[PDB]
Structure formats: structure tokens, C-alpha cells
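First, one chain by itself in C-alpha cells, the form deposited in one PDB entry.
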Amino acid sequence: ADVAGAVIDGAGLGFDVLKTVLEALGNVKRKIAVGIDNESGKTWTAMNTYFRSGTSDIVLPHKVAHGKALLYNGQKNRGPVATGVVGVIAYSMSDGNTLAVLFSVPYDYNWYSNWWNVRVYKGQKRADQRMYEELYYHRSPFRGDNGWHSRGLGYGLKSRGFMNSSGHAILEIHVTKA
């Protein structure tokens, strides 16, 4: 199912699937469709999303096996408030460590831009404001620049992902063995 909250075969993840998910959110000024393909060799178990800005009405997909991708979404808080969708998703991996993913889709593009990041944290660590600060300010996040970026994560893993630049945002990440 190309529906937020679903887990799909990981080879099925791509821009078309995420655009469907994004569109299905409707007319909201700032929104995101997130897809993350687990090709890490270990099962992932959802912990939480820390929403610095915005909300989601989707259950964070609980179990994501190797060879599956998760689909997710978020959107700005409702009403005229001039805020975006910003947060960190945290999954526990079966080795006892944490996969964290930052997204930032800001309201005001005169000052801010789209960013994303991926990091592995040692141990089981829920997403929170400190994790957000680290990933957004200190751990060299990638711009949502309509381009692909790759980086090693340690722990025998690497990441490759893409985010666009606008307020109707797609974030596609693949986690693979190094």
C-alpha cells in the first residue's frame, strides 16, 4: 500500500510512491512524505518521532524488517500559524542501537531551508529536543536541494537519501550495509 503508515517491499520505494503519499495529505502549506528503506540486515522497531514543529496523525510504523521500507508523513500545525514540520524519527535496531532521521521543512524560506540528516546513536535513545539540536546544528545535515547525498553511518551501515527544496516535501532514504 502506498499509504502513510504502511511498510512496503523496499525495492518499491521511490519518488512516485512518496509523491502519492504527499498528495494524499491534501492542501496543507507545509507537509512531508518520508520513506526509509531498511536494507541494514537488522529489524527496526519504532520508538518515537520528536516533533519540534508540526504533527502527524499516522502511527509510526512499528516493525520494519530488512528488505522493507516504511512510509510516513507529517504536516504543520493546523490553522494560520506560521510554522512548519520539523522533527526527528527514532527506530531501535536489533543490535541495540538507534537509527535517527532528521527532517526540517520550515515555514519561512526567507530565513530557513529544508534539511535532513541520518545518524546512528549508540544504545536505545528516544528522539528529543537535544537530538534535534545535534542533528540540525552540529552533525552536518544535508540540504533539501533536489539532490542525492551519501554518507557512512558507522556500525557497518551507510545512508543515501534525497529531499526536495519546497514546502511540499519528499524525503527518501536508503540504509544499506557498508
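Don't overthink the numbering: it's just position in the shown sequence, from 1. Each form is matched to the other, and the largest set of C-alpha atoms that superpose within 1.5 Å is called the rigid core. Only residues modelled in both forms are compared.
Heads up, the form deposited in another entry isn't pictured, but that's what we're talking about next.
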*Hey, after the core superposition between this form and the one not shown, which of 147, 152, 123, 26 has the C-alpha moving 2 angstroms or more?*
26
*After a core superposition, would you say residue 170 shifts its C-alpha by at least 2 Å between this form and the one not shown?*
no
*asked:* I want to check residue 161: does it shift between this form and the one not shown by 2 Å or more at the Cα, with the core superposed?
replied: no
*asked:* If the C-alpha spacing of residue 56 and residue 15 moves by 3 Å or more in the other form, is that a move closer or farther apart?
replied: farther
*Compare the CA separation of residue 171 and residue 26 in the other form with the one in the displayed structure, and answer closer or farther (the difference is at least 3 Å).*
farther
*Rigid core aligned, which consecutive-residue runs (three or more long, every Cα at least 2 Å shifted) show up between this form and the one not shown?*
3-28
